[PDB]
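Scroll down for the structure; my scribbles are underneath it.
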Amino acid sequence: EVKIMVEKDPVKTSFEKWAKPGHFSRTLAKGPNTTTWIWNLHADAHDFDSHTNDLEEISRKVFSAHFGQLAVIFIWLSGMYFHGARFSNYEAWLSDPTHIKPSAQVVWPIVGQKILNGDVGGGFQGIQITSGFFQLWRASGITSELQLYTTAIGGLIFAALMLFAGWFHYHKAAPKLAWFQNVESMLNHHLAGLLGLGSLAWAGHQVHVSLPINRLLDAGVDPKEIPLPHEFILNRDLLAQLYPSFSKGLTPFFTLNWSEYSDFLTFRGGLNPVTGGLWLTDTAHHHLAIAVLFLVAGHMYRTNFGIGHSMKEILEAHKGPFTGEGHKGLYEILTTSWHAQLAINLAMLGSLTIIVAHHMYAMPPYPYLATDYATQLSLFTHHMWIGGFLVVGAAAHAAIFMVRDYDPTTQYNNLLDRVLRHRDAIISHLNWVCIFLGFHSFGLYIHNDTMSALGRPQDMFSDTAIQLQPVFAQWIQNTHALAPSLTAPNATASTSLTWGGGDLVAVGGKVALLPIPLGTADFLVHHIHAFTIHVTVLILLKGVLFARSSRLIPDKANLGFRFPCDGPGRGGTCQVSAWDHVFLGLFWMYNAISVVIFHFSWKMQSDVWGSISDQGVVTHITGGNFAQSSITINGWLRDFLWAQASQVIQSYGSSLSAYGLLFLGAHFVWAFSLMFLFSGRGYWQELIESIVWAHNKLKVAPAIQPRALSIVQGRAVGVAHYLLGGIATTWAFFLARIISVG
Amino acid sequence: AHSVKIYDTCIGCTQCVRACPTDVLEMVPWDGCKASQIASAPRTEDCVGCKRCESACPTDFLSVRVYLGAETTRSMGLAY
Amino acid sequence: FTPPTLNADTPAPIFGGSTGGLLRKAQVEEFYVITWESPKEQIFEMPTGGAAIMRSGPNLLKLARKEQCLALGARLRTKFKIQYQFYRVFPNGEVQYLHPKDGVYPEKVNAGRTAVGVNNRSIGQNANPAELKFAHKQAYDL
Amino acid sequence: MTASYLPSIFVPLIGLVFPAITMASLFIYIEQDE
Amino acid sequence: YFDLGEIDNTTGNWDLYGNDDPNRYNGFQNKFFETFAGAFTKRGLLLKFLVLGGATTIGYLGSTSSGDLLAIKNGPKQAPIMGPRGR
Amino acid sequence: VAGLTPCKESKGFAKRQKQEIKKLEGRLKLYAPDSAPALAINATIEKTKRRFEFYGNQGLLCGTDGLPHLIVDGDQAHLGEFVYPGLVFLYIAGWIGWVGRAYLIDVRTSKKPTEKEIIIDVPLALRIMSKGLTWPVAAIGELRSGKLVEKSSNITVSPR
Amino acid sequence: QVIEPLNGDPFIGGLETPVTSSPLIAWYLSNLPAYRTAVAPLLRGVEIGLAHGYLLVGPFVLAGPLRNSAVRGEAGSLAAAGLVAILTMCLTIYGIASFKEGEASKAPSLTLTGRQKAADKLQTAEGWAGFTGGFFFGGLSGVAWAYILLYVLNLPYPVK
Ligand code: CLA
Ligand code: CLA
Ligand code: CLA
Ligand SMILES: CC1=C(/C=C/C(C)=C\C=C\C(C)=C\C=C\C=C(C)/C=C/C=C(C)/C=C/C2=C(C)CCCC2(C)C)C(C)(C)CCC1
Ligand SMILES: CC1=C(C/C=C(\C)CCC[C@H](C)CCC[C@H](C)CCCC(C)C)C(=O)c2ccccc2C1=O
Ligand code: SF4
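Dropping the structure here:
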């Protein structure tokens, strides 16, 4: 039954719908009458469910919007490869990366901003980049900037292809609703065709291109005299001199002599002592294994060839005595609602990005990634912020599924109906564990601050005071260090250096990684992390569960998603909406992720990042003060927020002064947020009425009536400036401090 | 509890009653409009005070008007 | 209009149980009982949260607030063509019939009901609070 | 300091006993049905 | 589930975890506790001697405490720290 | 004036010129003399030396910090600090205010007055953006003729 | 099949979960001194006091400020007995506020089944009066017996 359903020319490619701005909504198609029409024009621009009730045109809109997003990402990748090709020192950094900072952005000498073109090394001036593209291209085997320019113009070609496909799948041949409802085929071609063949193709690149070029880069060979990537494919003796297993020539693959591929497909583990990044024989065995495993997992579901699984048959057979008729109708949830699938996909992508952040500081995949501390801090911080934003958006589209796509007739006595039936128990027990975590982590911090203030260092929670050692983490770290000897034999070393297997890797005189200690301070800050994640889950899950109704408002689903309130009744119904719970969970994501990256920055500037002198002595950036100062808020304000901010505020008159400017302007955007968050619409409406009177006096009244921003819009503007200003504050402080001390 | 007052600017459009979630408002006969009906609030002790009627009133300025006064267990919207 | 009497023998919709139901306000202050006549066995969204199979005959549902009766009642007046009435039940045993008072819904006009809480002036002809200092009357109730 | 022991007396009463006097007498007073 | 003959059973007035056992102790244990806790019964009487007895018992060990028992009665045991500008 | 020495004879202003080139000369020491980033610092030094020789030749006043201070009182020596570029500004700012006011009058007498503000009529806009050149003669001309201000009987006023 | 509504009623805010109506849990919760509806409320208040009195010596002798001295038995037990005396006054002012002298019992008379039982005497002005004195005598004896078994007899334990 799975086959291609498209139909030809649904909408004509015309600019007459470009001229009318609010064509998608019936309310905005009448033209503007107030200034709130402009904000509802942008608010309802992407909301395709509010435009039409037909899921087919909604799915076509979403598919072509995906293609436009892919075009934007390919334009971005084209820019970052063109910046590597023309405006970088990638060949100079590739000659020796332990002394030259990665830089790929040149500013124009116009208004004094030419001081931002700093001395990054290699006879080059520019903004020192922290995005990690240089180490990524070193891991890709890129030797020259002509390859970067070729990848940039190839990405521009693919961006034109995504734009052409977005036009094609909305105006020339757009698919019908049952094409998008073939989720078994989509999972079969995403697991096997996308993630399986993608891992297999990158495994082939990391067998032929990344591995020999990166082996020659470990030998001190100059990249201008390293042979080009196709010379290893053509001259296979040149490939065989670096790995003798290539001399057999694909006969051990089909005769199952895979151990004869042990020269280039290894389960080593740990870091390259030359570079400080993971081995590419392990990253090529990794990709070959996750490819021979994603291609196996892509042959699971039933499309039209008889073999496979109907996943409705998987779900409807999963029913239990504590649930009864559970998992039934969830296929009808996840094939008739885009928001439910968006909630699941956003939760997995955000949690996965958090997995990426941890599995990159800890197991650095790229050569000279760990020893360039700016790249490590910026990559962890960026992926934590993206992951937190995507899990808050997961709860957002979960709540939009409840208020606009949850049909109660098709969901009786399943899992979702019963989760709604005891949502008071879920939110109340979550409330209890959040308050318990809040006292038992932050009140422990307050206790340490109080007894450190009262001159009682023995009455604290220190490593010298009452100890709170994380015995489960300290045991799982010993279990992961003492693994190769008995539970994981075939490993040369251990998975990560941060486990406890020794191997003090020194690359360029700077510490790549070592055994990470876990003490009372790590216990306290991990309980802060669990507390903040739990409270973010509490607001977000409360907005998902009470999106339909509440004890307060039993008709909340009729009010919608982006409604402000019901009114001042029932004591006041301000921020009853599920949107307002996403709005507050954005703040709790700020709190959670900001303490996560603060613990990260202080923990590895104190216990990981540093330098190694002669006779094996390790001097960290802030030597050993995480175990004693990160247990009090005064240490966090003092030895982290004051001592490490002594490079973002005196960076003026240097190349890092734009970080000082954006540090201060980020404080500005944050205090600007507090204008929108703390205020309300009616005050600003009457102030605008006075300004409209002054305009009426001088005959400069606009016909589009000036209005204050809406209450949902005022909260949106406030949380957008709060996240933008606070995140830009942490970005500026991080990227000034760890560039300055790195 | 809450005092809901109807003024003579009402056109009898009935949407204040339709927006009422606690059945406060009802349409009584009247002689001051084309629709020949005005709203009234007999069950104003059941008023939560949500002002959904004021949001649905098209008359400028409003004909239905809710004044938040003494608040009891009806007008607090509690179930415990 | 003779008010309908609560039968207390019609059964409940098939519901698996919810935590949004009757708390101790039902036990000591009041609770609300909504009674309606159904064409067939359908599934409706519970205003306390959840879904229940409603019966093929008359149905009885116990709710805690008057707003839960209208949120349910307007749900089964627009999605379903079902006439409904609800009551107010006190812990001493008195059942107070609440809606519709005349038997016809308050959106439709009836000649029996009278105008109460209606001002013959507008908002702009309300008196200032400075000339009504220290009185039980306020700017709108006179 | 003239009398060092009145710090040891009045700070426990006005810091512990007097809030326990005042808040318990107010909680009786604010929850009187009258 | 509405009955009009039993208003408590149709509203949630249930002793969910209660028991109707009359007694499970013996007479020797019961007569000891009511004799000793017989002057602690009345709420107005118990609130009087708990405030008056509680004010005395915090002022006694607040004043009879020693240097090792509490540091505020120990006093300074070193030279005072002089501030800046000779103050 | 105001206890400030002129910047041409200020020892602190010449000290800031000395320590700015010396900062840029030490940046030049780690580059090749014919290299491309060294040409940017060499252009930065000539931009700095042009700047300090421009500030001293305009009669700027330098304080004890070695920094040029502006006298905005309306001094006959100091017209180009505030008075001359202020009159240049207010002419340009009144140009923005006159062509935005005249556009709203031109679109208020239209069929759909609100569609001409989201979609600005460029032939109607550009024919009055030229007309904003002579705007003090047209603003006070409308002020004297009474067309600049609206009478308070036709102005929406919130009640007391 | 496992989850039921509370006594068959789906519209009361609760469920008959295994954590609520187990054969073991509903046996336990029905024998705890707070749910004995026919025992006199001074006697069952002595057991609510003995329990809470005992348990509170532990976090006050092992975590308090005077935990590193030889007075750690005396400091923590009087600190544990201090929380008994405060909570007795919290029990005193609760019964003054909630229950009036001469009123009825604010208690559910009906059991899980349809059988009619006598009213619970604890939720009265005189029942909470004898409950408060039961907590005071039981709590002060529960602290003193835990102090006797820890710092008078000094029984061997891994932590004390
Ligand atoms: C084996 C075939 C296969 C593969 C490789 C993919 C791959 C992809 N699908 Mg697709 N899909 C397929 C078949 C396949 N699809 C089937 C059978 C169904 C119908 C049931 C769908 C329906 C479906 C929809 C509705 C959507 C996708 C989307 C996606 C994209 C994932 C999003 C992203 O950023 O990934 C990484 C992206 C890339 C690596 C870019 C690669 C682009 C190149 C040109 C290949 C894509 C063309 C084609 C699918 C395979 C040609 C192979 C060619 C290289 C030889 C990606 C392009 C999503 C998307 O973004 O929409 C555009 C989306 O939601 N798929
Ligand atoms: C995979 C990603 C994804 C998907 C598909 C969508 C899709 C959607 N979102 Mg969103 N959402 C997600 C993730 C995503 N979101 C995340 C990351 C969050 C957390 C912020 C949420 C939270 C969420 C809520 C709270 C709601 C939606 C809603 C919307 C809908 C339309 C919004 C619109 O018209 O755009 C409008 C676009 C803008 C107004 C652009 C503003 C961009 C941000 C806010 C400010 C600028 C940030 C920028 C980086 C700073 C530059 C500053 C510089 C210019 C000076 C649409 C269904 C809305 C809805 O009604 O859903 C049906 C809505 O109510 N989203
Ligand atoms: C001005 C206010 C006031 C004062 C006088 C004290 C006094 C005290 N605090 Mg406390 N505290 C207060 C406010 C107060 N607190 C508040 C507002 C906070 C909340 C943020 C705290 C939080 C706090 C904690 C968390 C703890 C202290 C503890 C202590 C003790 C430290 C001295 C010591 O080592 O004794 C050591 C202990 C003893 C000598 C035990 C004496 C206990 C006596 C015998 C109680 C007797 C009955 C009592 C008087 C009945 C009161 C009746 C009522 C009328 C007040 C001491 C009893 C510590 C302690 O040990 O508490 C007892 C401790 O664990 N304080
Ligand atoms: C131009 C102009 C002007 C000026 C302006 C001003 C006044 C300023 C302000 C400003 C300030 C005072 C501040 C601000 C700040 C800024 C910021 C803050 C921004 C940002 C942006 C962005 C885009 C971001 C980015 C990011 C993200 C998103 C994430 C991560 C981080 C980062 C940072 C990277 C005026 C009006 C005169 C006139 C007209 C024109
Ligand atoms: C300031 C503020 C406003 C007023 C905000 C407004 C009116 C937005 C202003 C947007 C711009 C500055 C005006 C429109 C600009 C036009 C594009 C014209 C261009 C003119 C210059 C910007 C070039 C609210 O409406 C509000 C509502 C609820 C809570 C808090 C607040 C709040 O704090
Ligand atoms: S909504 Fe307003 S105008 Fe319409 S009937 Fe009600 S009071 Fe009258």
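Chains as they are written, first to last, in the deposited numbering: chain A, 17 to 758; chain C, 2 to 81; chain D, 70 to 211; chain I, 1 to 34; chain H, 54 to 140; chain F, 79 to 238; chain L, 65 to 224. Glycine included, each C-beta is placed from N, C-alpha and C at the ideal position.
Could you compute how far the alpha carbon of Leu-725 (chain A) sits from the alpha carbon of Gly-164 (chain F)? Locating residue 725 (chain A) in the first sequence gives position 709, counting from the first residue. Locating residue 164 (chain F) in the sixth sequence gives position 86, counting from the first residue. When rounded, the distance between both Cα atoms is 34 Å.
Touch check for the region 203-220 of chain A and the region 267-276 of chain A: three-plus C-beta pairs under 8 Å? Verdict: no, contact absent.
Between the CA atoms of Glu-329 (chain A) and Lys-335 (chain A) - distance to the nearest angstrom: Taking the first sequence and counting its residues from 1, one reaches residue 335 (chain A) at position 319. Taking the first sequence and counting its residues from 1, one reaches residue 329 (chain A) at position 313. Rounded to the nearest whole angstrom, the C-alpha separation of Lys-335 (chain A) and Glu-329 (chain A) is 11 Å.
For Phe-163 (chain L), go through chain D and note every residue whose CB falls closer than 9 Å to its CB, in chain order. Here residue 163 (chain L) corresponds to residue number 99 of the seventh sequence, with the count starting at 1. Within 9 Å Cβ-Cβ: nothing; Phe-163 (chain L) doesn't reach chain D, min ~14 Å.
Suppose only complete runs of 3+ residues qualify. What are the beta strand (DSSP E) ranges in the region 85-123 of chain A, listed by chain order? Within the region 85-123 of chain A, the complete beta strand (DSSP E) runs of at least 3 residues are 119-121.
Let me check one thing: in DSSP terms, what residues is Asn-447 (chain A) bridge-paired to? Indexing the first sequence from 1 puts residue 447 (chain A) at position 431. None, per the DSSP bridge assignment.
Just to confirm the assignment, what range does the alpha helix (DSSP H) spanning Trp-105 (chain D) have? Here residue 105 (chain D) refers to the residue found at position 36 when the third sequence is read from its first residue. Counting along the chain, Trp-105 (chain D) sits inside no alpha helix (DSSP H); it lies in the beta strand (DSSP E) bounded by residues 100-106.
Could you tell me whether any Cβ in chain I is nearer than 8 Å to the Cβ of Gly-106 (chain H)? For this step, residue 106 (chain H) is matched to residue 53 along the fifth sequence. It does not: the Cβ of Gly-106 (chain H) has no partner Cβ on chain I nearer than 8 Å.
Going by DSSP, name the residue or residues bridged to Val-407 (chain A). Taking the first sequence and counting its residues from 1, one reaches residue 407 (chain A) at position 391. Paired residue(s): none; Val-407 (chain A) is not in a bridge.
Among A:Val-18, A:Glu-23 and A:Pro-48, the one whose alpha carbon lies nearest that of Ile-720 (chain A): Start at 1 with the first residue of the first sequence, and residue 720 (chain A) comes out as number 704. Comparing C-alpha distances from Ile-720 (chain A) to each of A:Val-18, A:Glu-23 and A:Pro-48 shows the shortest one belongs to A:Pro-48.
With burial defined as no fewer than 16 other Cβ atoms inside 10 Å of the residue's Cβ, what is the status of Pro-133 (chain H): buried or exposed? Numbered from 1 along the fifth sequence, position 80 holds the residue referred to as residue 133 (chain H). Residue environment: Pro-133 (chain H) is assigned as exposed (fewer than 16 neighbouring CB atoms within 10 Å of its CB, all protein chains considered).
Please list the terminal residues of the continuous alpha helix (DSSP H) segment that includes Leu-557 (chain A). Stepping through the first sequence from its first residue, residue 557 (chain A) is reached at position 541. Bounds of the alpha helix (DSSP H) holding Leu-557 (chain A) are 536-561.
At 8 Å on the CB atoms, spell out the chain H contacts of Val-110 (chain L), in chain order. In the seventh sequence, counting from the first residue as 1, residue 110 (chain L) sits at position 46. Ordered by position in chain H, the residues that pass the 8 Å Cβ test against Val-110 (chain L) are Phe-86 and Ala-90.
Pick from I:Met-1, I:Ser-8, I:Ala-3 and I:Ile-14 that is closest to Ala-124 (chain H), judged by C-alpha positions: Translated into positions along the fifth sequence, residue 124 (chain H) becomes position 71. Distance check between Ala-124 (chain H) and each of I:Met-1, I:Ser-8, I:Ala-3 and I:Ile-14 places I:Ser-8 closest, using alpha-carbon atoms only.
Count the other C-beta atoms from every protein chain shown that fall within 10 angstroms of the C-beta of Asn-197 (chain D), then say buried if there are 16 or more, exposed otherwise. On the third sequence, residue 197 (chain D) is found 128 positions in, with the first residue counted as 1. Exposed.
Counted within 10 angstroms of its Cβ, other Cβ atoms place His-246 (chain A) as buried (16 or more) or exposed: Position 230 of the first sequence, counted from the first residue, corresponds to residue 246 (chain A). By the neighbour-count criterion, in which a residue is buried when 16 or more other Cβ atoms sit within 10 angstroms of its Cβ, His-246 (chain A) is exposed.
What does DSSP give as the partner residues of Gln-154 (chain D) in its beta bridges? Your numbering for residue 154 (chain D) matches position 85 in the third sequence. According to DSSP, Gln-154 (chain D) shares a beta bridge with D:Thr-104.
When you compare the region 559-575 of chain A with the region 405-424 of chain A, are there three or more beta-carbon pairs, one atom per stretch, that lie closer than 8 Å? Cβ pair count under 8 Å is three or more, so yes.
Confirm the yes/no value for this check: CB of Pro-580 (chain A), any heavy atom of ligand 6, distance under 7 Å. In the first sequence, the residue the question calls residue 580 (chain A) occupies position 564. No, since every heavy atom of ligand 6 falls outside the 7 Å radius drawn around the Cβ of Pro-580 (chain A).
In chain order, which alpha helix (DSSP H) runs of at least 4 residues are fully inside the region 114-192 of chain A? Entirely contained in the region 114-192 of chain A, the alpha helix (DSSP H) runs reaching 4 residues are, in chain order, 149-155 and 161-187.
Hey, is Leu-151 (chain L) close to ligand 3, as in C-beta under 7 Å from one of its heavy atoms? What you label residue 151 (chain L) is simply residue 87 of the seventh sequence in a count that begins at 1. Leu-151 (chain L) Cβ: outside cutoff for every heavy atom of ligand 3.
Between which two residues does the beta strand (DSSP E) harbouring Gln-165 (chain D) extend? The residue labelled residue 165 (chain D) in the question sits at position 96 within the third sequence. It spans 164-168 - the beta strand (DSSP E) in which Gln-165 (chain D) sits, taken as one unbroken run.
Residues that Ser-41 (chain C) bridges to, as DSSP identifies them: For this step, residue 41 (chain C) is matched to residue 40 along the second sequence. Paired residue(s): C:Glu-27.
Going along the chain, which residues of the region 87-102 of chain D sit with their C-beta nearer than 7 Å to a C-beta in chain L? Per Cβ criterion, the list reads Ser-87, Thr-88, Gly-89, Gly-90, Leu-91 and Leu-92.
Any idea what DSSP makes of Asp-73 (chain L), helix, strand or coil? Against the seventh sequence, residue 73 (chain L) aligns to sequence position 9. Three-state DSSP puts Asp-73 (chain L) in a strand.
Quick test of the definition: if touching needs 3 or more C-beta pairs under 8 Å, does the region 17-34 of chain C touch the region 44-56 of chain C? These segments touch.
To the nearest whole angstrom, what separates the beta carbons of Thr-79 (chain D) and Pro-127 (chain D), a pair I think is in contact under 8 Å? Counting from one through the third sequence, the residue named residue 79 (chain D) turns up at place 10. Counting from one through the third sequence, the residue named residue 127 (chain D) turns up at place 58. Indeed, because the Cβ distance is near 4 Å, the residues count as touching under 8 Å.
Between the region 197-209 of chain D and the region 35-52 of chain C, do at least 3 Cβ pairs fall closer than 8 Å? Counting Cβ pairs under 8 Å, fewer than three are found: no touch.
Would you call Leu-362 (chain A) buried or exposed, if buried means 16 or more other Cβ atoms sit within 10 Å of its Cβ? Indexing the first sequence from 1 puts residue 362 (chain A) at position 346. Buried, since its Cβ has 16 or more Cβ neighbours within 10 Å.
Got a sec: does ligand 5 put a non-hydrogen atom nearer than 7 Å to the Cβ of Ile-727 (chain A)? For the purposes of this step, residue 727 (chain A) is taken as the residue at position 711 of the first sequence. Distance from the C-beta of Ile-727 (chain A) to the nearest heavy atom of ligand 5 is below 7 Å.
Residues of chain L with a CB under 7 Å from the CB of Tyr-54 (chain H): which are they? Here the question's residue 54 (chain H) lines up with position 1 in the fifth sequence. Neighbours of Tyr-54 (chain H) on chain L, chain order: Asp-73.
Under a CB-based cut-off of 8 Å, is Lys-131 (chain D) close to chain H? By one-based count along the third sequence, residue 131 (chain D) stands at place 62. Chain H, which has a Cβ nearer than 8 Å to the Cβ of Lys-131 (chain D), makes this yes.
Given the structure, does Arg-19 (chain C) come close to ligand 5, in the sense that its CB is under 7 Å from one of the ligand's heavy atoms? Taking the first residue of the second sequence as 1, we reach residue 19 (chain C) at position 18. The answer is no for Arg-19 (chain C).
Could you check if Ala-489 (chain A) belongs to the surroundings of ligand 3, using beta carbon to heavy atom distance under 7 Å? Here residue 489 (chain A) corresponds to residue number 473 of the first sequence, with the count starting at 1. In this structure, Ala-489 (chain A) has its beta carbon at no less than 7 Å from each heavy atom of ligand 3.
Mind listing the chain L neighbours of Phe-27 (chain I)? Cutoff is C-beta to C-beta under 8 Å, in chain order. The residue given as residue 27 (chain I) occupies position 27 in the fourth sequence. Within 8 Å of the CB of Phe-27 (chain I), the CB atoms of chain L belong to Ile-157 and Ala-161, in sequence order along the chain.
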